[PDB]
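**Student:**
Number of protein chains: 4
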Amino acid sequence: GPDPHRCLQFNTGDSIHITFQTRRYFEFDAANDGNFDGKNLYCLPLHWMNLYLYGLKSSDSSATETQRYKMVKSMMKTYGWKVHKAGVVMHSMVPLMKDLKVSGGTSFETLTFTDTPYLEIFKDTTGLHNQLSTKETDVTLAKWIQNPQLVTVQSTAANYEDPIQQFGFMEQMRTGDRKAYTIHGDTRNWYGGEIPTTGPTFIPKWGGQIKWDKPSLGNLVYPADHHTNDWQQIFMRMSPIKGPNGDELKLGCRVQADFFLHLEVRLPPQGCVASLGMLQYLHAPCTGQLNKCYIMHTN
Amino acid sequence: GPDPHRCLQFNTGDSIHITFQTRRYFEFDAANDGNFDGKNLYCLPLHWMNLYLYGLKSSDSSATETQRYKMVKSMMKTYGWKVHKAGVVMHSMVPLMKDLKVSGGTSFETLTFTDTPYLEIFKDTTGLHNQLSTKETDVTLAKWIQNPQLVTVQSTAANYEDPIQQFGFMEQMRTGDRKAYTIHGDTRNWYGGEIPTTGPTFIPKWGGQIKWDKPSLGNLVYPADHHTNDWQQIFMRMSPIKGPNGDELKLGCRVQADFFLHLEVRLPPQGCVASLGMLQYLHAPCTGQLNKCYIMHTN
Amino acid sequence: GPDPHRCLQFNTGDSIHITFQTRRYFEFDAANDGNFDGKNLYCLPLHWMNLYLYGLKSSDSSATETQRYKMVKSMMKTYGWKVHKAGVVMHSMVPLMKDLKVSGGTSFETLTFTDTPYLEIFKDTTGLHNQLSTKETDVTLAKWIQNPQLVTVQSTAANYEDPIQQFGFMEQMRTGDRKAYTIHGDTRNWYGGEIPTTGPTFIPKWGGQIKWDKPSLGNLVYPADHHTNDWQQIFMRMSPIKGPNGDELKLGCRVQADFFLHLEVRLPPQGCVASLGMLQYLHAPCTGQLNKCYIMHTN
Amino acid sequence: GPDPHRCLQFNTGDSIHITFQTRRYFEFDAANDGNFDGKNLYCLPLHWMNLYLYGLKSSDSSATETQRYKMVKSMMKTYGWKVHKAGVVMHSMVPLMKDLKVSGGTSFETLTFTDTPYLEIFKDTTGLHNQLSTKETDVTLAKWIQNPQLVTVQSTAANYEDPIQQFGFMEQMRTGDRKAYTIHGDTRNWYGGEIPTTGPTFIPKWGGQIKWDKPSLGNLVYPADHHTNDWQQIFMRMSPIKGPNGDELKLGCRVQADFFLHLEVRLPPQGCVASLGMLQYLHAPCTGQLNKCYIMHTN
Ligand SMILES: [Ca+2]
Ligand SMILES: [Ca+2]
Ligand SMILES: [Ca+2]
Ligand SMILES: [Ca+2]
Ligand SMILES: [Mg+2]
Ligand SMILES: [Mg+2]
Ligand SMILES: [Mg+2]
Ligand SMILES: [Mg+2]
Ligand SMILES: [Mg+2]
Ligand SMILES: [Mg+2]
Ligand SMILES: [Mg+2]
Ligand SMILES: [Mg+2]
Numbered sequence: 031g032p033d034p035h036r037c038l039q040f041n042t043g044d045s046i047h048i049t050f051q052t053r054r055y056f057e058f059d060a061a062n063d064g065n066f067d068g069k070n071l072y073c074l075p076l077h078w079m080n081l082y083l084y085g086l087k088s089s090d091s092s093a094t095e096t097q098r099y100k101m102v103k104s105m106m107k108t109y110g111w112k113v114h115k116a117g118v119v120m121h122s123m124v125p126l127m128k129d130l131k132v133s134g135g136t137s138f139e140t141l142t143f144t145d146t147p148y149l150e151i152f153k154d155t156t157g158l159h160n161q162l163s164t165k166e167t168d169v170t171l172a173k174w175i176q177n178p179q180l181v182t183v184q185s186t187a188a189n190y191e192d193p194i195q196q197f198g199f200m201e202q203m204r205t206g207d208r209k210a211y212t213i214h215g216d217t218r219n220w221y222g223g224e225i226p227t228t229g230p231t232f233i234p235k236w237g238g239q240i241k242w243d244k245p246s247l248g249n250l251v252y253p254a255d256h257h258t259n260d261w262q263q264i265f266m267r268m269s270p271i272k273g274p275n276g277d278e279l280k281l282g283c284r285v286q287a288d289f290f291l292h293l294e295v296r297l298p299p300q301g302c303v304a305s306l307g308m309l310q311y312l313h314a315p316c317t318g319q320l321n322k323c324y325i326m327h328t329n
Numbered sequence: 031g032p033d034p035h036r037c038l039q040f041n042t043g044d045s046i047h048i049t050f051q052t053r054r055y056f057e058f059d060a061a062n063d064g065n066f067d068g069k070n071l072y073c074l075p076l077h078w079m080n081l082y083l084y085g086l087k088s089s090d091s092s093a094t095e096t097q098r099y100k101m102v103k104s105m106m107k108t109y110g111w112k113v114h115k116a117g118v119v120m121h122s123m124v125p126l127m128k129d130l131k132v133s134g135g136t137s138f139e140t141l142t143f144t145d146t147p148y149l150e151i152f153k154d155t156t157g158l159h160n161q162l163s164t165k166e167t168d169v170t171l172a173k174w175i176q177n178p179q180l181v182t183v184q185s186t187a188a189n190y191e192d193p194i195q196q197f198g199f200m201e202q203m204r205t206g207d208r209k210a211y212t213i214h215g216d217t218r219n220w221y222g223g224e225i226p227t228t229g230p231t232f233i234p235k236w237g238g239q240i241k242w243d244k245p246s247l248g249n250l251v252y253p254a255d256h257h258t259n260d261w262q263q264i265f266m267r268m269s270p271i272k273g274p275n276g277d278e279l280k281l282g283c284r285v286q287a288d289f290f291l292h293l294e295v296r297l298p299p300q301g302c303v304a305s306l307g308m309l310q311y312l313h314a315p316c317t318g319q320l321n322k323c324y325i326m327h328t329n
Numbered sequence: 031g032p033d034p035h036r037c038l039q040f041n042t043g044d045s046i047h048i049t050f051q052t053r054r055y056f057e058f059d060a061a062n063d064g065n066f067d068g069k070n071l072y073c074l075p076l077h078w079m080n081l082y083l084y085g086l087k088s089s090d091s092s093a094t095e096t097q098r099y100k101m102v103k104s105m106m107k108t109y110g111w112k113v114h115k116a117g118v119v120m121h122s123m124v125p126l127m128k129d130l131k132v133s134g135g136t137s138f139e140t141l142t143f144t145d146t147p148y149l150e151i152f153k154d155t156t157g158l159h160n161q162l163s164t165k166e167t168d169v170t171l172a173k174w175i176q177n178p179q180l181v182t183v184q185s186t187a188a189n190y191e192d193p194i195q196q197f198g199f200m201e202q203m204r205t206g207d208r209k210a211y212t213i214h215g216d217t218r219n220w221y222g223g224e225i226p227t228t229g230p231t232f233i234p235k236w237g238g239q240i241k242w243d244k245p246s247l248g249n250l251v252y253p254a255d256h257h258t259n260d261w262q263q264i265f266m267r268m269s270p271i272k273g274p275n276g277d278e279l280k281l282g283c284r285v286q287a288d289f290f291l292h293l294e295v296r297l298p299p300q301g302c303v304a305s306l307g308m309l310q311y312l313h314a315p316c317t318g319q320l321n322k323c324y325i326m327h328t329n
Numbered sequence: 031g032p033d034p035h036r037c038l039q040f041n042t043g044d045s046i047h048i049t050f051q052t053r054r055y056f057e058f059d060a061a062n063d064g065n066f067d068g069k070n071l072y073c074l075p076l077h078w079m080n081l082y083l084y085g086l087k088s089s090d091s092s093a094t095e096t097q098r099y100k101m102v103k104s105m106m107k108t109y110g111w112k113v114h115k116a117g118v119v120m121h122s123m124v125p126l127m128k129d130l131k132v133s134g135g136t137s138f139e140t141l142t143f144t145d146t147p148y149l150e151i152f153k154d155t156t157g158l159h160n161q162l163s164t165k166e167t168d169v170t171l172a173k174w175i176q177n178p179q180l181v182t183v184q185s186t187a188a189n190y191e192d193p194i195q196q197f198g199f200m201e202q203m204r205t206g207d208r209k210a211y212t213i214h215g216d217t218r219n220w221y222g223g224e225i226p227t228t229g230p231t232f233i234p235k236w237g238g239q240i241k242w243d244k245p246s247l248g249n250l251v252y253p254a255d256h257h258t259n260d261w262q263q264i265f266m267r268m269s270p271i272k273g274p275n276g277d278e279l280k281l282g283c284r285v286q287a288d289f290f291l292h293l294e295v296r297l298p299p300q301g302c303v304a305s306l307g308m309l310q311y312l313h314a315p316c317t318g319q320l321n322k323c324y325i326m327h328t329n
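Here the protein sequences come in this chain order: A, B, C and D.
Numbered as in full-length UniProt numbering, the first sequence ends at 329 without a single skipped number.
Numbered as in full-length UniProt numbering, the second sequence ends at 329 without a single skipped number.
Numbered as in full-length UniProt numbering, the third sequence ends at 329 without a single skipped number.
Numbered as in full-length UniProt numbering, the fourth sequence ends at 329 without a single skipped number.
If you want it as structure tokens, here you go:
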């Protein structure tokens, strides 16, 4: 039979799950400054946890933490967390143009005549780049939340066709389309620390130049055995339309972007003191800079 | 049993395969200069290997060899190559117009109101022409890579309807369409030499006026027995729209063109010296001129 | 149905295969200098890629790269390579002796009377040595290509029987025999760089003291989980024959050695620029020195 | 048929197995010094190989090596060893008390009236601690062999109930019970060196802060891929009994503890010299200090 003297055993490793969800408006043009070129593309870093745990303050559109992040921030920081899945779906595109003008007046923005204009989406699958800089080096987290920011992919690309000649992956987005991109985080470890407003924290992934760090008092755990499948962030630009006579149209578009992230947070132990054991297994996530773009290549 | 004194036999005729891929933007108008006529059409010489082995330099949009061609150029030149299949697919057409104007102002380019405008594509299947010249005789390889160039088909064709009355093959391309054209090269021989920037090198084909040349020290190998099926390059022009009262619209369009070519290159022999035997079987491909257009007719 | 706006996706990770083949003559004696001892043995480093990618210049018997290596050297260096399988087969042994002499004359070389003489082949399977030096420390790549070179295994081994008392693996080779030894390289990674004439580059293997290096900008990928099966190079010497009265015969032999290596080289990306992404995953192969011998022991 | 010239191949990697067995007496009290508190607990480090390879000298109860360890010490040190399984079984508890006293006299030790008193056994499964110190910092190996020693778990724990409120795992031991605890060592590697009298040598385990070291001339082999199941040592104290009026009983107990460890030792190679190859794969075991306690936490 049962042990009449069995003692209550405390739970170990139990956790909770929190889902983050939000919606945003994004606008895009041909990523040009004057005549079309192939120097920049808008970048959407889906791997940046910051884009999901933060939102915009209604009064000044500044970056502010979501109620959910705010309420579990302390627990995350101390006991650890994992990111299972996260992603975005862009849809409901609305094409725009600024080619109409009044006599002795300037061009004004309007809807487009038809639905022929489209957005171009790229991924560096052939291994062109390792590290890039934002066109503006003073970009803030708020800006990124407001919209994907421009990244210089080829400072010397006067030829606007460079992107379509170089990027391995390419697809178009037009009215009626739905474009979904997701990322699954590595779940072998628990990660510690908060997700600051100063630097992007990457959803746990291991490959190429990308790597997370070992615990303060513990061995590093990672996939050393083989090359993992690399994950690519996306780059975009409204397709730059040139006419047969060299005329360049002024087109752009606005889309709705729905975001989601599934977070799992570790619970504190039973008792009345903060433990210390987690120092042996809590890994430190990889981080970057608001004005930098790191592309993973495992092959 | 096996021969205890068998010696290692060296491989013979082994080769490697390289695929070339790229994407480009093309623009077209009614191929006119003032009032519509039927004198010129844009030509897309899919048989020109140069269009696949070269690309555009990002800094000045000049012709430059692709990394792939660059890395196998030497081997190709000396040991030989074959072209299996190559082609293009034009899609995502975006119709354009320059008929809108502001009071006391000129016409400006804009998207089109509807999707009714379309591109006309022709092939000389009935045997009208043998040799044509480009409208401009100083065209460069870079220009051809940038866009299909104009070719004079009927210097005396004041009547803009001449093309639709004369060309045996004709089809239209409009928004949503995909137009694919391919060519399969003759594979009975291996060909030598580089693909220069000065003159177009034709994908091996035999028929009519078109022919490749014999090896330096060897017999010519070709299909002498029968007439092969001729291959036609395409000619285009945005359909020239005239109104009931003689008004002529200013229409054009931009499309995306994806290119591919499958190349097979012969490997050098085992050992430490360049051989000489290939001189007996390496044929010389047919070549043309950047300002000329040769049409094949085997029947 | 299909997407009317699908774009061409570029190939990724495609590669080519190159096989290297050659034949050589090797000669061996009892590895002695005067009276027999057990200090040296000829070594055949099958793991040295240099032995397969290089050959001998016909004019001066110096080391020179094979046409095949020469034509892919640049691509290998920049985009990466792997070695699948490589090896040698020694056969057609011809026993020799220098025991016959003319009155008031010296000994002269001749064929042997019978086929009783034989070659001894060893492998250090019991873990005797880690690192050894060549008897002559000024050995060149050309010498190694010309013939297996002497390596000092026991500087204090006056007793010529030491090798047969110590080496764990041993087999004999005589007329009619075929002795094949192969090595399979690790294929989890791509490796960069050329194979110089100055230092031996090892076919990728991981174990014991042997290890390859991490990419410039990427994580190291290797089998950390377990001990791999170690690979042993071979050591030889014509069996030293002593008579009942201490007389020492002067025997040797010549064999034919056929070599082969299967190389796989990565192709450059589509486009007109050299990429940089490979810096994240191209590992650096292990290298040694022409006058050193490293033996692997994983158990 | 068989090769008439086949040579004897030497054995490789062969080994021998040695089992260690012993019995001891352990005594325990409430781990207090005056009034009950929750600052210390007796610790039994089953992972310390020293507890199995050493015993007590009959003349002075000092630590001395067992005949078995003594006879294989040299071989272990040089050629390597592994620990498969080891453990203890505590049984035959005899409860004690010192609450009886004579008029105008002090308390004297006696058996207990009934079998209600019991021992408490804990394991830090919830990750409370990483590193602890022994109550006395001058503890010797002999002391540990003589009995489990006190370790300070909470220097500020005046509240004697702290242990039962904090430790995740807890069970009781009373008359008639048998408490068995075992540990299985990692067997992927061979380990070298002796097991000194100065510092505890841990049975090979990898996880959290715990790790073994790489060979002198070889790659480190360990489970990097995932978090292993951590192993916990035990902590004890006779249950501190307080009466309804605050009276504190003086209880304790004595048990018999049977120990065992299965060791596998590698044999030297055939021949007449000590080899050197083992330097490439013999790992170095993790070690600690006689006055320290390291707790593993992999999650
Ligand atoms: Ca916005
Ligand atoms: Ca163009
Ligand atoms: Ca030779
Ligand atoms: Ca005792
Ligand atoms: Mg605009
Ligand atoms: Mg980044
Ligand atoms: Mg126009
Ligand atoms: Mg032509
Ligand atoms: Mg001789
Ligand atoms: Mg070596
Ligand atoms: Mg007592
Ligand atoms: Mg310890």
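Don't be surprised by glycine CBs; every beta carbon is placed ideally from N, CA and C.
Which value, in whole angstroms, describes the spacing of the CA atoms of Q196/D and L247/A?
**Tutor:** Approximately 22 Å, taken between the alpha carbons.
**Student:** Beta-carbon distances below 7 Å to any heavy atom of ligand 9 define the shell here; list its residues in chain order, please.
**Tutor:** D59/C, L126/C, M127/C, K128/C, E139/C, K280/C, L281/C and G282/C
**Student:** Residue 25/D: beta carbon under 8 Å from a heavy atom of ligand 4?
**Tutor:** It is not possible to answer for residue 25/D, since the shown part of chain D is limited to 31 through 329.
**Student:** Could you name the residues of chain F that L86/B contacts, counting a contact when the two beta carbons are closer than 7 Å?
**Tutor:** Going by chain labels, chain F is absent from the structure shown, which instead holds the protein chains A, B, C and D.
**Student:** Alpha carbon to alpha carbon, what distance is there between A210/C and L158/A?
**Tutor:** Each residue's Cα considered, the two are about 43 Å apart.
**Student:** Measuring alpha carbon to alpha carbon, tell me which of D145/C, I325/C, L320/C and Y190/C ends up nearest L81/C.
**Tutor:** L320/C
**Student:** Taking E57/B as the reference, which of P230/B, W174/B and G307/B has the closest Cα?
**Tutor:** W174/B
**Student:** Name the chain C residues whose beta carbon is nearer than 7 Å to that of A116/B?
**Tutor:** Chain C residues near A116/B: none, gap ~13 Å exceeds 7 Å.
**Student:** Which chain B residues sit within Cβ distance under 7 Å of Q202/C?
**Tutor:** Ordered by position in chain B, no residue passes the 7 Å Cβ test against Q202/C, which lies about 15 Å from the chain.
**Student:** Does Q239/B pass the burial test, meaning 16 or more other C-beta atoms within 10 Å, or should it be called exposed?
**Tutor:** exposed
**Student:** Can you pull the chain C residues whose beta carbon is under 8 Å from the beta carbon of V303/B, in chain order?
**Tutor:** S88 and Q97
**Student:** Determine which residues of the stretch 267 to 289 of chain B have a Cβ less than 7 Å from any Cβ of chain A, and write them out in chain order.
**Tutor:** Answer in chain order: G282 and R284.
**Student:** Kindly say whether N80/C, judged by its beta-carbon, lies nearer than 9 Å to any beta-carbon of chain B.
**Tutor:** no
**Student:** Could you check whether the Cβ of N177/D sits closer than 8 Å to any heavy atom belonging to ligand 4?
**Tutor:** Yes, Cβ of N177/D sits closer than 8 Å to a heavy atom of ligand 4.
**Student:** Any beta-carbon of chain D closer than 9 Å to the one on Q263/C?
**Tutor:** no
**Student:** Taking 9 Å as the CB-CB cut-off, is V181/A touching chain D?
**Tutor:** no
**Student:** Is the beta carbon of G43/C within less than 8 Å of some heavy atom of ligand 6?
**Tutor:** No - ligand 6 has no heavy atom lying nearer than 8 Å to the Cβ of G43/C.
**Student:** How long is the line joining the alpha carbons of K115/B and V285/B, rounded to whole angstroms?
**Tutor:** 23 Å
**Student:** Drop a sphere of 10 angstroms on the beta-carbon of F199/B, count the other beta-carbons inside from all chains shown, and report buried for 16 or more, exposed for fewer.
**Tutor:** Exposure of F199/B is indicated by the presence of fewer than 16 other C-beta atoms within 10 angstroms of its C-beta.
**Student:** Please list the residues of the stretch 41 to 59 of chain D that have a C-beta atom closer than 7 Å to any C-beta atom in chain C, keeping them in chain order.
**Tutor:** Within the stretch 41 to 59 of chain D, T42 and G43 place their CB atoms closer than 7 Å to a CB of chain C, listed in sequence order.
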